[PDB]
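Asker: One structure follows; several queries about it will come next.
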Amino acid sequence: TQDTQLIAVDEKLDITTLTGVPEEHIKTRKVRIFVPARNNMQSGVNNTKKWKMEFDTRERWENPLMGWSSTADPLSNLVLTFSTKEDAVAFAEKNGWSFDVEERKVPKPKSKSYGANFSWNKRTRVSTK
Amino acid sequence: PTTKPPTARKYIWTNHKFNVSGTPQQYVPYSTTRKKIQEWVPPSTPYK
Amino acid sequence: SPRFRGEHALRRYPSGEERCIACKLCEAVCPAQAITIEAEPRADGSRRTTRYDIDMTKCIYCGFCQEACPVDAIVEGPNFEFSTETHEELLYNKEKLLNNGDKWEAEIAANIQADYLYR
Amino acid sequence: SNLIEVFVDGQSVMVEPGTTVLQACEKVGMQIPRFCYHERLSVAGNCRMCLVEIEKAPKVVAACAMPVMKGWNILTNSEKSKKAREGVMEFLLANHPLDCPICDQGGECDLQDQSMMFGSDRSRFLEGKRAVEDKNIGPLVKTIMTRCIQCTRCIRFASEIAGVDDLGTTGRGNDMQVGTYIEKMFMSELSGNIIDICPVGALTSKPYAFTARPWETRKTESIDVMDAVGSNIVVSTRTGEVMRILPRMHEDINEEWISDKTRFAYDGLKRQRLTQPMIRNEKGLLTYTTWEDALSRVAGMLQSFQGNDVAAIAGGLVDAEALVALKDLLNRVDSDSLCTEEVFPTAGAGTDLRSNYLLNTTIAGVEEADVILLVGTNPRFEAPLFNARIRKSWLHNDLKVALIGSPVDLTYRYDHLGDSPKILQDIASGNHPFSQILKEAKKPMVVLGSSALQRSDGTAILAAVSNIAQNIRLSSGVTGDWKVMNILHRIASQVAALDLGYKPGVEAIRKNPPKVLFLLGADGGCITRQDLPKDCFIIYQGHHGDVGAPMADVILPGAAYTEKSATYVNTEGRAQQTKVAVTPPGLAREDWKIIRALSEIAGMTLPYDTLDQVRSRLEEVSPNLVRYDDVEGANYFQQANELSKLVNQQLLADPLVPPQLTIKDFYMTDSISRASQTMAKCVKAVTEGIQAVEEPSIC
Amino acid sequence: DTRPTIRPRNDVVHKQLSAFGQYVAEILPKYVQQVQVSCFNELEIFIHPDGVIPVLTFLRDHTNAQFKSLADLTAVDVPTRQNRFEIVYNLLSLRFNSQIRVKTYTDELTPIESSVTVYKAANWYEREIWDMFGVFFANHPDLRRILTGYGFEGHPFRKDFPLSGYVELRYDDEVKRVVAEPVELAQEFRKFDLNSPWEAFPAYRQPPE
Amino acid sequence: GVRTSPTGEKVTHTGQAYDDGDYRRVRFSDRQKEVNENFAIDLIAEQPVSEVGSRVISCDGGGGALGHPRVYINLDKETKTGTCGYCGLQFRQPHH
Amino acid sequence: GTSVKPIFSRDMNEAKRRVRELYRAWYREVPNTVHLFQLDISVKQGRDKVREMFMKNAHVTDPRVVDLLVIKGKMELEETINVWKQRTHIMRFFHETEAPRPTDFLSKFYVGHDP
Amino acid sequence: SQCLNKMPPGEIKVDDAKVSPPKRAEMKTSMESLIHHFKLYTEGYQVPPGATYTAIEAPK
Amino acid sequence: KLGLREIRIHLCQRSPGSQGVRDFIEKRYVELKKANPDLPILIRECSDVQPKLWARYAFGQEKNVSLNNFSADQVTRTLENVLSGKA
Ligand code: SF4
Ligand code: SF4
Ligand code: SF4
Ligand code: SF4
Ligand code: FES
Ligand SMILES: [K+]
Ligand SMILES: [Zn+2]
């Protein structure tokens with residue numbers, strides 16, 4: 001594997017001091033591991049297949065001159081993507097960020113049938129086409 | 001413009017102002033939108 | 001050349017109504033995010049920007065907005081001698097852009113007339 | 001034992017017989033393009049975009065309605081299928097109007113995206129397009145019917161999910177238009193969901209009209225607090241401002257629907273807000289002041305007056321963290337007069353047993369029961385998603401409903417057993433014929449609305465319904481677990497409060513009038529200054545000052561549900577959490593932070609100093625308030641029933657009349673809804689008639 | 001032509017590159033993990049991180065390879081991977097006018113042997129990967145920040161790093177100095193969520209897991 | 001038309017005017033509040049409504065490529081005049 | 001799995017040795033920065049700041065991490081030695097223009113909605 | 001000189017409205033051109049997954 | 001006065017460690033509530049919770065008591081001293 005006097009470093013990996021993140025933005029933040037919900041406006045599920053990690057929204061005030069959305073939170077527009085939940089939580093613990101993982105919701109398999117639209121005894125018989 | 005004059009329209013200006021920087025006719029940026037959050041405007045009756 | 005990119009300006013229809021309909025293509029395509037648009041249905045009913053600010057100090061004068069605009073509302077005017085003594089004067093409002101459109105309309109209409117066929 | 005093997009692009013997939021081609025393709029991962037197929041609505045097969053090629057078959061089948069058979073190989077990417085998709089989309093885009101820059105669906109339009117992926121890049125249509133006159137259906141859904149692709153999805157949603165059969169078609173050919181023919185607003189608690197259902201910009205959200213673009217709004221997932229169902233929602237906010245509320249699929253709480261009071265109520269969080277603390281000046285007039293002065297006043301009043309003269313009436317939209325913070329603060333001054341606006345019978349077991357105040361068999365269990373008995377409730381307005389679930393079970397499972405309250409419009413047909421309380425006792429004694437049905441049903445369900453408990457005889461009604469449940473439980477026709485008794489709450493901040501230990505009522509205030517009152521989001525107006533003793537210090541901590549803050553002396557501004565990360569428990573016992581989307585306006589702060597800072601100022605500092613600490617304290621009080629999205633089933637119905645059969649409270653003769661019996665009462669219920677303007681337009685539309693919803697919807 | 005818009009496809013180059021990929025795989029089975037030729041005729045060799053010095057040297061010195069120009073050396077950060085950092089070597093052979101790609105992997109705290117001995121052009125490149133990402137290259141003549149300002153705290157090109165950073169600069173007259181302050185933008189970067197929820201390319205469809 | 005607020009500030013077409021008790025007005029003293037006098041809300045009003053003699057009519061804004069995307073308006077409701085969503089021009093059937 | 005490659009040191013003691021000699025270099029250096037860079041802070045007022053910077057990341061226990069910050073501190077020393085940092089770059093360590101931030105919950109609640 | 005003397009007739013962009021915006025004349029007249037222009041100037045053309053290294057003899 | 005302000009029994013539904021507590025709340029609870037029909041005895045249960053007993057006294061004081069692997073008689077005894085240890 002690696003023959004260089006391969007050393008046991010069992011204790012968990014932590015690069016909190018090797019990222020440059022200031023004091024404030026490393027424990028008072030709370031990342032959120034979640035599979036994004038499908039935009040109910042559309043009907044495509046291609047945006048609900050990758051886990052995402054995001055940071056809590058902070059103060060967003062209005063600029064006195066023109067009215068922009070001024071903010072002082074550097075980790076506001078930064079959202080990471082991950083193939084699996086375990087990798088995302090590994091990244092969260094590696095960088096020392098508090099998390100709250102939400103399980104991936106999956107559409108329950110329905111039971112569609114064209115014939116039920118024109119049933120004879122049941123109430124699923126449609127009154128229009 | 002003497003031979004081919006540009007098309008005329010109502011909204012076109014009639015006095016070509018020069019660079020208005022410096023003079024008290026400057027341009028000051030400002031928000032062109034109204035308020036978003038309103039206030040409660042507490043009632044006037046002492047009541048209590 | 002008639003294709004010269006300069007001071008941004010909002011045009012309007014010959015009737016008088018503004019061409020802009022707040023579709024936000026220009027805001028969605030600006031490489032520098034220099035456009036801020038807020039829309040609200042007007043009293044008549046037409047959808048027009050309640051705020052259309054273009055930040056000249058952040059603009060890169062690419063012309064992408066004037067290509068993206070489906071109604072030729074926002075254009076890059078022929079003006080380029082619009083230097084200002086203070087920074088804030090370069091943060092353009094909707095009113096300033098409309099004034100530019102009303103001022104350079106004679107030039108901008110001719111410039112588009114001599115170039116729209118290439119596009 | 002029955003799975004049949006079908007092929008998708010060669011891959012072999014086990015599919016249950018009856019599975020359509022579209023679901024078989026979805027199993028692999030391929031999502032067949034579609035417009036008229038919605039997994040919740042019925043299958044129609046008129047869009048013709050799901051036309052997929054089956055190997056060794058010279059006919060493109062409709063994957064949205066074709067059941068697979070053994071040995072089929074669905075060639076999704078075959079040239080024939082691609083050409084079919086291109087032709088169908090050319091037909092769809094032929095007469096579509098060039099409204100993409102003016103259409104709000106732009107950027108999230110199914111038609112646009114499918115054209116980008118499955119469709120050509122030009123047009124061979126060199127003729128004049130059609131145009132359709134717009135139709136008015138109320139002040140919520142703007143209709144530009146020339147964009148309609150006639151997928152008939154709105155019609156099916158109105159027929160099945162909404163129940164009201166007022167949407168349909170007219171004419172034939174290219175001129176067949178989807179609408180209501182005669183002028184009739186599509187008025188229902190679930191009406192706005194058609195905006196989601198429409199794949200094009202034909203149906204659009206009127207309050208959201210021409211306000212923002214889909215690609216620029218930040219989506220933050222949260223939990224609805226208007227009703228007690230706890231529907232999961234997505235707040236889309238841009239520039240630190242709430243723009244619209246969309247449903248988020250949960251398949252247990254709200255499927256993928258939301259009510260109208262949940263959708264068009266974000267404007268309520270823009271008017272009549274409390275931003276800076278108010279204190280009474282020397283004329284008793286409310287004036288703006290710094291947080292320090294108001295907190296010092298409240299702290300001094302709390303320090304001086306102690307014992308039972310200190311009280312707090314928790315509101316209806318409050319969170320769970322603020323409730324526990326206030327409970328601890330008032331406990332440290334030895335005040336156990338924590339009351340709630342809603343009244344739940346505390347006689348017998350009361351809040352001691354969780355199942356006494358929980359919809360035990362969950363919302364998802366409705367789709368399993370065979371007989372439902374609703375007592376003194378109007379679930380159409382009290383809990384629209386619960387009524388939608390009942391209707392869904394009514395359609396397929398042929399569940400039989402029976403109402404004991406006043407006759408109302410519950411979309412589906414029910415069997416009105418009457419409207420007198422005594423009928424309950426009859427069903428308890430077996431004298432009423434329906435008792436036989438109750439003993440014959442294998443999965444019976446009994447639901448009692450929290451509105452019925454609001455009456456003076458709430459204890460008697462609870463005892464009667466518990467007698468019903470025990471009578472049908474002694475006969476073992478009900479299966480093993482199958483919790484029968486259910487209490488359907490209306491106020492969102494009720495179950496959590498009942499979990500914490502708050503008194504399920506307000507009678508403590510009247511019995512022991514306090515000299516200081518902590519109105520925490522209380523806007524029901526149940527208790528006024530007249531009931532209070534004179535020179536009473538009233539503290540209001542909320543967001544919208546409508547019925548509360550005008551009465552108080554310190555108007556410490558709180559945070560709203562869209563402006564806090566807090567725990568809310570629905571009527572089934574599930575405890576979900578809402579996340580921050582916008583920060584509180586002005587000088588307003590989080591509710592728990594306000595209470596903790598007040599405790600620090602007054603001296604009795606609470607232990608918890610962070611949100612995680614408050615959640616840990618919530619776990620300490622109740623461990624089921626942290627198991628997010630987990631229904632912790634309660635038990636011991638026998639003990640609650642035994643404790644209930646001791647009071648012998650007597651039913652009255654007044655009929656069980658729900659407070660809301662028409663659409664007009666559904667809209668303006670809570671403070672946010674009352675302060676909103678779109679619900680005002682809605683109550684106007686429903687009250688007088690159709691003439692109040694005319695507008696230029698041509699754009 | 002029948003394909004006036006589709007880019008022409010060359011298959012002879014594909015065969016030659018596949019043959020050389022098999023050649024390199026057979027030559028160094030110790031480090032070559034996986035070799036693949038893209039549809040546009042570019043060959044990529046994925047090797048074990050220990051094979052950085054050997055494989056490159058082979059590609060630089062073998063008569064049949066003669067890759068004597070390190071065109072580019074870069075890294076790609078993929079947080080979802082265990083060893084997120086993915087170092088890429090681009091080499092060009094002027095004798096066989098061919099370009100090759102040697103790609104290795106490395107986590108945050110694993111060193112990589114510096115290829116300065118083999119390709120003396122790498123000396124600056126390595127520093128950049130150290131400065132932008134934080135991958136430490138052992139046995140380097142001098143590793144230092146090359147692009148970031150003096151006293152910078154962090155690795156900008158890492159995905160878990162805001163594009164605006166954490167600290168902005170200003171001039172303070174009280175101290176008469178160019179001080180550094182926490183970042184505070186007049187207008188926050190509007191994050192656009194532009195991604196079609198409909199699958200684009202059926203070819204690159206990940207199988208379900 | 002541009003009108004004057006009680007403070008003295010001219011209101012724009014968007015109904016924007018700083019409050020009297022607003023410090024932001026400090027920016028406008030010794031300067032002017034840049035406003036556009038040509039109000040689009042008014043300017044489109046007096047444009048005559050064209051008496052189109054067909055059930056539907058196509059509007060491109062005039063000038064072909066110079067105008068807006070061509071859209072078709074359905075002139076069937078006698079109680080209202082079809083208005084183009086791009087330029088605001090109205091149309092009406094000849095008394096139906 | 002649990003055992004991985006080392007950077008420079010093969011145990012915590014050697015990493016502490018490297019930290020010790022890095023502190024040696026910094027402590028010896030500090031007055032040279034004070035004089036050469038024309039700083040106005042007292043010599044001790046820089047030595048204690050070196051001590052505080054060393055004490056900041058005193059909680060790390062993974063050796064490879066310790067070698068990593070040893071290299072990073074060596075680089076910062078390298079910049080400080082051959083006038084690669086300037087007066088402003090060095091002065092950034094003493095956050096001067098930054099207003100003091102509060103630590104109690106009450107002041108944070110009084111000032112804004114943040115954790 | 002050679003390029004000036006050998007300029008061929010034809011168009012200026014690939015005749016594919018999914019990677020090159022349609023002509024402004026076509027956008028204001030046809031459905032597909034308008035939709036493709038909207039999506040290209042709001043979302044852009046989705047590039048197939050992959051990586052490449054392309055270099056040219058720049059004047060440097 | 002520590003007049004036994006509130007009792008909170010937090011038992012797990014399924015784990016055997018709370019089994020005895022279940023037996024108690026199955027049988028020896030109705031008569032307990034009959035004894036003092038004012039005590040807010042809370043039986044808020046949760047999955048994967050070590051059976052515990054909280055005794056909130058006056059002025060906001062609590063003393064958690066573990067009920068792990070207790071018997072029904074054991075839980076009864078460990079509660080009777082709590083509600084009998086107050087005047
Ligand atoms: S031309 Fe100016 S305003 Fe238009 S997109 Fe480019 S930078 Fe933005
Ligand atoms: S692209 Fe043109 S029409 Fe659309 S918002 Fe910008 S200026 Fe207005
Ligand atoms: S519904 Fe709207 S966005 Fe979609 S194609 Fe039609 S006009 Fe364009
Ligand atoms: S209005 Fe919308 S949902 Fe109804 S048929 Fe037309 S396209 Fe379908
Ligand atoms: S989806 Fe199958 S035809 Fe409409
Ligand atoms: K829609
Ligand atoms: Zn027009």
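Chain labels run A, B, ... following the order of the structure tokens; each chain numbers its residues from 1, and ligands are numbered from 1 in the order shown.
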Could you build a table of the residues in stretch 1-99 of chain C lying no more than 12 Å from stretch 2-24 of chain F, giving for each the nearest pair of atoms and their separation in Å rounded to one decimal place, using only C-alpha atoms, ordered by chain and ascending residue number, as CSV?

Answerer:
```
residue,atom,partner,partner_atom,distance
C:17,CA,F:13,CA,12.0
C:18,CA,F:13,CA,11.7
C:38,CA,F:14,CA,11.1
C:39,CA,F:14,CA,10.3
C:40,CA,F:14,CA,9.3
C:41,CA,F:14,CA,10.6
C:42,CA,F:14,CA,8.4
C:43,CA,F:14,CA,10.0
C:48,CA,F:14,CA,9.5
C:49,CA,F:14,CA,8.5
C:50,CA,F:14,CA,5.7
C:51,CA,F:14,CA,8.1
C:52,CA,F:14,CA,10.9
C:93,CA,F:12,CA,11.6
C:94,CA,F:14,CA,9.7
C:95,CA,F:12,CA,8.0
C:96,CA,F:12,CA,11.6
C:98,CA,F:13,CA,11.3
```

Asker: Write a file of the selected residues as a short mmCIF file (atom, residue, chain, number, x, y, z; two decimals), in the first residue's frame, keeping N, CA, C and O atoms.

Answerer:
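So the final result, stored in again13.cif, reads:
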```cif
data_model
loop_
_atom_site.label_atom_id
_atom_site.label_comp_id
_atom_site.auth_asym_id
_atom_site.auth_seq_id
_atom_site.Cartn_x
_atom_site.Cartn_y
_atom_site.Cartn_z
N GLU C 17 -45.20 54.01 -24.46
CA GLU C 17 -45.03 52.95 -23.47
C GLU C 17 -43.62 52.38 -23.55
O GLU C 17 -43.05 52.22 -24.63
N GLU C 18 -43.04 52.09 -22.38
CA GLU C 18 -41.72 51.49 -22.34
C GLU C 18 -41.74 50.11 -22.98
O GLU C 18 -42.73 49.37 -22.90
N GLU C 38 -36.78 44.63 -10.08
CA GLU C 38 -37.94 44.28 -9.29
C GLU C 38 -39.18 44.67 -10.08
O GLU C 38 -39.29 45.82 -10.52
N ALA C 39 -40.09 43.73 -10.26
CA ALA C 39 -41.27 43.91 -11.09
C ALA C 39 -42.53 43.92 -10.23
O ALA C 39 -42.56 43.34 -9.14
N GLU C 40 -43.57 44.58 -10.74
CA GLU C 40 -44.85 44.68 -10.05
C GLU C 40 -45.91 45.10 -11.05
O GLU C 40 -45.69 46.05 -11.83
N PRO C 41 -47.06 44.43 -11.09
CA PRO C 41 -48.09 44.77 -12.08
C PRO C 41 -48.58 46.20 -11.89
O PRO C 41 -49.06 46.58 -10.82
N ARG C 42 -48.45 46.99 -12.95
CA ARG C 42 -48.83 48.39 -12.90
C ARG C 42 -50.35 48.53 -12.73
O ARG C 42 -51.10 47.55 -12.76
N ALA C 43 -50.79 49.77 -12.52
CA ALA C 43 -52.21 50.03 -12.33
C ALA C 43 -53.02 49.62 -13.56
O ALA C 43 -54.11 49.05 -13.43
N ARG C 48 -44.39 45.90 -15.62
CA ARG C 48 -43.24 46.76 -15.82
C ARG C 48 -42.41 46.79 -14.54
O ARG C 48 -42.91 46.54 -13.44
N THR C 49 -41.12 47.10 -14.71
CA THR C 49 -40.21 47.10 -13.58
C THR C 49 -40.54 48.22 -12.61
O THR C 49 -40.62 49.39 -13.00
N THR C 50 -40.74 47.87 -11.34
CA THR C 50 -40.78 48.87 -10.29
C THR C 50 -39.39 49.34 -9.91
O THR C 50 -39.24 50.40 -9.29
N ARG C 51 -38.36 48.58 -10.28
CA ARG C 51 -36.97 48.98 -10.11
C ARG C 51 -36.15 48.34 -11.22
O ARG C 51 -36.22 47.13 -11.41
N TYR C 52 -35.39 49.16 -11.93
CA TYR C 52 -34.47 48.65 -12.95
C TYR C 52 -33.17 49.45 -12.81
O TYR C 52 -33.00 50.51 -13.41
N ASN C 93 -30.17 54.46 -11.95
CA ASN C 93 -31.52 54.10 -11.54
C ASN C 93 -32.38 53.87 -12.78
O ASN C 93 -31.93 54.01 -13.92
N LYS C 94 -33.64 53.49 -12.55
CA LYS C 94 -34.57 53.37 -13.67
C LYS C 94 -34.83 54.72 -14.31
O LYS C 94 -34.92 54.83 -15.54
N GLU C 95 -34.96 55.77 -13.50
CA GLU C 95 -35.22 57.10 -14.03
C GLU C 95 -34.06 57.61 -14.87
O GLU C 95 -34.26 58.20 -15.93
N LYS C 96 -32.82 57.39 -14.41
CA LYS C 96 -31.66 57.84 -15.17
C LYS C 96 -31.56 57.09 -16.50
O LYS C 96 -31.25 57.69 -17.54
N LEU C 98 -34.06 55.74 -18.16
CA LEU C 98 -35.13 56.24 -19.01
C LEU C 98 -34.78 57.61 -19.59
O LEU C 98 -35.12 57.90 -20.74
#
```

Asker: For stretch 3-11 of chain E, find every residue with an atom within 9 Å (counting only C-alpha atoms), except residues of its own chain fewer than 3 positions away, and show them as an MDAnalysis selection string.

Answerer: (chainID E and resid 14:16 39:41) or (chainID H and resid 14:16)

Asker: Please write the residues from the selection above to a file, keeping N, CA and C atoms, as a PDB file, in the first residue's frame.

Answerer:
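And here's out.pdb as it stands now:
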```
ATOM      1  N   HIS E  14      -8.579   7.374 -32.428  1.00  0.00           N
ATOM      2  CA  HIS E  14      -9.118   6.594 -31.319  1.00  0.00           C
ATOM      3  C   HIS E  14      -8.401   5.256 -31.187  1.00  0.00           C
ATOM      4  N   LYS E  15      -8.191   4.560 -32.308  1.00  0.00           N
ATOM      5  CA  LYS E  15      -7.496   3.277 -32.263  1.00  0.00           C
ATOM      6  C   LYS E  15      -6.053   3.441 -31.802  1.00  0.00           C
ATOM      7  N   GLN E  16      -5.356   4.460 -32.312  1.00  0.00           N
ATOM      8  CA  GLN E  16      -3.971   4.680 -31.902  1.00  0.00           C
ATOM      9  C   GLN E  16      -3.877   4.987 -30.413  1.00  0.00           C
ATOM     10  N   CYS E  39     -14.479  10.418 -26.090  1.00  0.00           N
ATOM     11  CA  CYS E  39     -15.085  10.389 -27.417  1.00  0.00           C
ATOM     12  C   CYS E  39     -14.394  11.351 -28.375  1.00  0.00           C
ATOM     13  N   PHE E  40     -13.805  12.432 -27.856  1.00  0.00           N
ATOM     14  CA  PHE E  40     -13.091  13.400 -28.681  1.00  0.00           C
ATOM     15  C   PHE E  40     -11.594  13.119 -28.750  1.00  0.00           C
ATOM     16  N   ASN E  41     -11.193  11.856 -28.599  1.00  0.00           N
ATOM     17  CA  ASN E  41      -9.817  11.409 -28.818  1.00  0.00           C
ATOM     18  C   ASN E  41      -8.836  12.109 -27.872  1.00  0.00           C
TER      19      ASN E  41
ATOM     20  N   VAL H  14     -23.434  27.791 -35.659  1.00  0.00           N
ATOM     21  CA  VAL H  14     -23.936  26.449 -35.927  1.00  0.00           C
ATOM     22  C   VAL H  14     -25.454  26.490 -35.995  1.00  0.00           C
ATOM     23  N   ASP H  15     -26.014  25.865 -37.032  1.00  0.00           N
ATOM     24  CA  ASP H  15     -27.458  25.889 -37.258  1.00  0.00           C
ATOM     25  C   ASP H  15     -28.164  24.953 -36.275  1.00  0.00           C
ATOM     26  N   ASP H  16     -28.001  25.274 -34.994  1.00  0.00           N
ATOM     27  CA  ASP H  16     -28.586  24.507 -33.900  1.00  0.00           C
ATOM     28  C   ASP H  16     -28.990  25.501 -32.822  1.00  0.00           C
TER      29      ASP H  16
END
```

Asker: Which distance in Å separates atom CA of residue D:323 and atom CA of residue D:625, to one decimal?

Answerer: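 Taking atom CA of residue D:323 as the start and atom CA of residue D:625 as the end point, the length is 12.2 Å.
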
Asker: Compute the set of chain C residues within 9 Å of chain D, using only C-alpha atoms, and express it as a short mmCIF file (atom, residue, chain, number, x, y, z; two decimals) with N, CA and C atoms, in the first residue's frame.

Answerer:
```cif
data_model
loop_
_atom_site.label_atom_id
_atom_site.label_comp_id
_atom_site.auth_asym_id
_atom_site.auth_seq_id
_atom_site.Cartn_x
_atom_site.Cartn_y
_atom_site.Cartn_z
N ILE C 21 -40.57 44.81 -20.23
CA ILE C 21 -41.68 44.05 -19.68
C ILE C 21 -41.24 43.22 -18.48
N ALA C 22 -40.03 43.46 -17.98
CA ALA C 22 -39.50 42.79 -16.80
C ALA C 22 -39.47 41.28 -16.96
N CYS C 23 -38.97 40.81 -18.11
CA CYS C 23 -38.78 39.38 -18.29
C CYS C 23 -37.50 38.90 -17.62
N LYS C 24 -36.63 39.84 -17.24
CA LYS C 24 -35.41 39.59 -16.48
C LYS C 24 -34.39 38.74 -17.22
N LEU C 25 -34.46 38.69 -18.56
CA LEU C 25 -33.42 38.01 -19.32
C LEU C 25 -32.08 38.73 -19.18
N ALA C 28 -30.64 37.99 -15.88
CA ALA C 28 -30.21 36.60 -15.80
C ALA C 28 -29.01 36.29 -16.68
N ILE C 37 -33.47 43.99 -10.94
CA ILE C 37 -34.82 44.20 -11.42
C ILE C 37 -35.82 43.76 -10.37
N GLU C 38 -36.78 44.63 -10.08
CA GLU C 38 -37.94 44.28 -9.29
C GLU C 38 -39.18 44.67 -10.08
N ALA C 39 -40.09 43.73 -10.26
CA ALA C 39 -41.27 43.91 -11.09
C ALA C 39 -42.53 43.92 -10.23
N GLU C 40 -43.57 44.58 -10.74
CA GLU C 40 -44.85 44.68 -10.05
C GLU C 40 -45.91 45.10 -11.05
N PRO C 41 -47.06 44.43 -11.09
CA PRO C 41 -48.09 44.77 -12.08
C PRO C 41 -48.58 46.20 -11.89
N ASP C 44 -52.50 49.91 -14.76
CA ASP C 44 -53.20 49.50 -15.97
C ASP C 44 -53.27 47.98 -16.09
N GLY C 45 -52.19 47.29 -15.73
CA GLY C 45 -52.16 45.84 -15.79
C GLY C 45 -50.89 45.31 -16.43
N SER C 46 -50.23 46.14 -17.24
CA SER C 46 -48.99 45.72 -17.88
C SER C 46 -47.89 45.52 -16.85
N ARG C 47 -47.07 44.49 -17.06
CA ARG C 47 -46.00 44.16 -16.14
C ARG C 47 -44.77 44.99 -16.50
N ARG C 48 -44.39 45.90 -15.62
CA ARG C 48 -43.24 46.76 -15.82
C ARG C 48 -42.41 46.79 -14.54
N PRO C 70 -35.76 40.54 -25.53
CA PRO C 70 -36.62 40.13 -26.65
C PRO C 70 -37.45 41.26 -27.23
#
```

Asker: Out of chain A, which residues get strand (DSSP E) from DSSP, as a ChimeraX atom specification?

Answerer: /A:7-8,32-34,51-54,60-62,69-71,80-82

Asker: So that I have them on file, write out the residues from the current selection with C-alpha atoms, as a PDB file, in the first residue's frame.

Answerer:
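Once written, selection07.pdb looks like this:
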```
ATOM      1  CA  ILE A   7       1.481   5.239  10.879  1.00  0.00           C
ATOM      2  CA  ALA A   8      -1.809   4.626  12.687  1.00  0.00           C
ATOM      3  CA  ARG A  32     -28.103  21.030   6.444  1.00  0.00           C
ATOM      4  CA  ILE A  33     -27.688  17.759   4.548  1.00  0.00           C
ATOM      5  CA  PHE A  34     -30.786  17.262   2.426  1.00  0.00           C
ATOM      6  CA  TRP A  51     -27.567  15.497  -1.728  1.00  0.00           C
ATOM      7  CA  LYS A  52     -26.845  19.134  -0.893  1.00  0.00           C
ATOM      8  CA  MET A  53     -25.190  20.899   2.039  1.00  0.00           C
ATOM      9  CA  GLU A  54     -26.094  24.499   2.884  1.00  0.00           C
ATOM     10  CA  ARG A  60     -29.949  40.500   4.987  1.00  0.00           C
ATOM     11  CA  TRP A  61     -30.490  44.245   5.272  1.00  0.00           C
ATOM     12  CA  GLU A  62     -31.205  46.965   2.723  1.00  0.00           C
ATOM     13  CA  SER A  69     -29.652  43.029  -0.243  1.00  0.00           C
ATOM     14  CA  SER A  70     -26.535  43.707   1.794  1.00  0.00           C
ATOM     15  CA  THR A  71     -25.249  40.831   3.905  1.00  0.00           C
ATOM     16  CA  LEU A  80     -22.063  21.830  -1.835  1.00  0.00           C
ATOM     17  CA  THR A  81     -23.275  18.767  -3.721  1.00  0.00           C
ATOM     18  CA  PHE A  82     -22.698  15.158  -2.687  1.00  0.00           C
TER      19      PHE A  82
END
```

Asker: If the limit is 8 Å from any atom of ligand 1, counting only C-alpha atoms and all ligand atoms, which residues qualify? Return them as a ChimeraX atom specification.

Answerer: /C:5,8,26-27,29-35,54-56,58-66,74-76
